[PDB]
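[1] Everything below, folded, please.
(one chain, ligands or ions: 2)
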Amino acid sequence: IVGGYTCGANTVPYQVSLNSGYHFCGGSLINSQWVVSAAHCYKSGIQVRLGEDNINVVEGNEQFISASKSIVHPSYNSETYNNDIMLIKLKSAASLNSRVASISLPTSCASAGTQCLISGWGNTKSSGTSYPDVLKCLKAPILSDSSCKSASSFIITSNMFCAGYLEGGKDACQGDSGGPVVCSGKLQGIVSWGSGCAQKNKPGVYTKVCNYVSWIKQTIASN
Ligand SMILES: N=C(N)c1ccc(C[C@H]2CCCC[C@H](Cc3ccc(C(=N)N)cc3)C2=O)cc1
Ligand SMILES: [Ca+2]
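    Numbers count the residues shown, from 1 in each chain. Ligands and ions are numbered 1, 2, ... in the order given. Please find the structure below.
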C-alpha cells in the first residue's frame, strides 16, 4: 500500500496473509472454512495466517491454518488477468472472534464514486522498495470505467474495475495482491493488477467480486 496509513492491530479482522515461508499475498476470510484471494497468487503449500497485524512477531491473536484445497476460477486467463479469483479451503475451521471475522459478499455491485477500504502488507514505495511489517490501510474511490480507460489505456474487462487516484500518490502495490477491497461493508474487489504503483494516470485494477457470487457460493457448497 503506497500513501496509506497504519490500520491498527486487528481493525481489519477479515484480512489474511498467505504464507509459504514468508508473506506473498493477501486474502479475505468469507466464512470459518474459506478464504478468497487472487488466482495469480496461486501456489502449492500455502498456510493461511489469520488475526495478523505484525507479520514478523507473534502477538497472541494469530491462527495458523494450512490450506486443504485450492480452486482457481475455471476461466482465469493469466494473459489478461480476466477472472483473477481463487478460493482456498482451510484444513480446520477457524475460530471466529472479535479479531478474526468474515466479510460479507455483495448482494449487488458497487457504483462509481463509492468509497472503499483496501489493505495489505505490500510495498509502500512508488519508487523503490520498502515492505512494512504491520498492516496498512487506504481509502480509495471506485473510478468510472471511462475515466480509467481513457487515462491509463488499460485493457479492462467487465470483470474488473479501477479504484484509486489518477493524480497518483495513493495505490495498492506488489505484496497487496489478493487482498480485500471493501465498500459499504461488502467485499467488492480483490487486489489484482496495475502498472507500477501510485503512478499518475495508472490506477489499480481490481477483480469485480459481485460478478462471481454465484460461483463462490456453489463452489463452497460442493467442496
Ligand atoms: N495486462 C495485465 N492484466 C497485467 C499487467 C501487468 C502484470 C504484472 C504484475 C507484476 C507481477 C506481480 C502481480 C502484479 C501485482 C500488482 C497489484 C496491484 C498493483 C497496483 N494497484 N499498483 C500493481 C501490481 C502485477 O500487476 C499483470 C497483469
Ligand atoms: Ca503476528
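[2] Now do the domain split for the protein, please.
    Each domain of the chain is listed here as a residue range: 1-12+103-210, 13-102+211-223, per curated CATH domains.
[3] I'd like to know which of the ones you listed lies nearest to ligand 1.
    Closest approach to ligand 1 among the domains of the chain (C-beta to the nearest ligand atom): domain 1-12+103-210, 2.7 Å. The way it works is simple: take the backbone N, C-alpha and C, and place the C-beta from them, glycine included.
[4] Excluding chain neighbours, what is closest to residue 19?
    Excluding its sequence neighbours, the residue lying closest to residue 19 (C-beta to C-beta, 6 or more residues apart in numbering) is residue 47, at 4.7 Å.
[5] Distance to ligand 2 and mean neighbour count added to the domains of the chain, as TSV?
    Listed next are those as TSV, based on distance: least, C-beta to the ion, whole Å; neighbours: other C-beta atoms under 10 Å:
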stretch	distance to ligand 2	mean neighbour count
domain 1-12+103-210	9	19
domain 13-102+211-223	5	17
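[6] Take those domains and lay them out in TSV including distance to ligand 1.
    Shown next, in TSV, are those (distance: least, C-beta to the nearest ligand atom, whole Å):
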stretch	distance to ligand 1
domain 1-12+103-210	3
domain 13-102+211-223	4
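[7] For residue 216, give me its contacts.
    Counting by C-beta atoms under 8 Å, 6 or more residues apart in numbering, residue 216 touches 30, 36, 87, 105.
[8] my read: the second one touches residue 89, true?
    Put plainly, it is residue 36. No: counting by C-beta atoms under 8 Å, residue 36 sits too far from residue 89 to count as a contact (11.0 Å).
[9] So which residues of this structure form strands?
    Using DSSP state E, the strands found in the chain span residues 5-6, 15-19, 23-31, 34-37, 47-50, 63-72, 86-90, 115-120, 136-143, 160-163, 180-183, 186-193, 204-208.
[10] For residue 101, find the nearest of these.
    In terms of C-beta to C-beta, the element of the strands of the chain nearest to residue 101 is strand 23-31, at 7.0 Å.
[11] Which residue lies nearest the spatial centre of this structure?
    Geometric centre of the chain, nearest residue: residue 179, 1.6 Å, by C-alpha atoms, centre = their mean.
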